[PDB]
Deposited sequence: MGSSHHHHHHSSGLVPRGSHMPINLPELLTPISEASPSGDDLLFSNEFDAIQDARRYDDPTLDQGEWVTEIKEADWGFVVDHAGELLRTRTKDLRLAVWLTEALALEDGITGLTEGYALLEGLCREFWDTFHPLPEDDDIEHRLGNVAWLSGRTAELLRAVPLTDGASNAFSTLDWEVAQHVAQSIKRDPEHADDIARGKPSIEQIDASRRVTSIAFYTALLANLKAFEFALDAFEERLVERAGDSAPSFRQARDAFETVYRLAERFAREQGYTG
């Protein structure tokens, strides 16, 4: 055929969760490989990250050569950065799948039964997921898209300008205003809000499933998702407020 539209090919969870071989379900540990190094380099930023490269390459290794929790965590982050909330959700579905199907074999394998160290990249992902959720756009209008973090910043700016009206120019410079966000929200479609609230609920479902699988598998050594959950609740409450203001039932 001719090249498919869009930036990456469908990630294909069935294929991602198919064992590499019957003899070695998770394949070998590929940390030392050229392909793994290239992924690590692509994600490095102060150098800008190449998130598209990460999606294609981490996905390629997972589908063909190895089941690796580091790669799955990195693919989750890169999908979130490339695709938004739905990418974060697909990543969490993959993580849950790998813990369900490959607990005994996925790389890195445990050393001295240090399950905590084995899951360190997952523990990092909780904090990272809070950042990613707070960057999800709550508007798409007037040549801009504003996040939860943007709303909080705009609130903080309005407060500081009330306290310090002499420096209002410098306080407001290069930061969102409340009026600006409001105007962007006013010309954001209903369709945008349907999908945001649906996409947020599907994220919550994936987070719950992953956490549940981790209590089963890891017990006392399960990473916390408290940061991620606290963020989700802030984002969803704002999302629902903006939708209702815009006429969403």
Could you sort out which parts of the deposited sequence are absent from the coordinates (no C-alpha) and give them as ranges from 1?
1-12, 59-71, 275
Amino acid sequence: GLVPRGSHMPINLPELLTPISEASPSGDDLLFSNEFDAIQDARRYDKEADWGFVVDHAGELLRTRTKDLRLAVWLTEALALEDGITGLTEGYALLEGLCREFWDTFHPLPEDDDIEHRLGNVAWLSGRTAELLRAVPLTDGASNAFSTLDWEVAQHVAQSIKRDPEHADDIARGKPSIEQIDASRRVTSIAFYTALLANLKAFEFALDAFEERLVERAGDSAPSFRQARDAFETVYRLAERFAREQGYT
From here on, numbers count along this sequence of modelled residues.
Test of understanding: from the entry's C-alpha B-factors, which stretch has the higher mean, 161-169 or 120-128?
161-169
Per the PDB record, is the mean Cα temperature factor higher over 47-55 or over 215-223?
215-223
Of the residues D150, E96, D114, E82, the one carrying the largest Cα B-factor as recorded
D114
Name the third of the chain's ranked CA B-factors that contains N144, choosing lowest, middle or highest.
middle
Among the modelled residues of this chain, does the Cα B factor of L31 put it in the lowest, middle or highest third?
middle
Looking at the entry's B-factor column for C-alpha atoms only, identify whether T188 ranks in the lowest, middle or highest third of its chain.
lowest
Taking the values exactly as deposited, rank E15 by C-alpha B-factor within its chain and report the matching third: lowest, middle or highest.
highest
Within-chain third of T194 by Cα B-factor, per the entry
highest
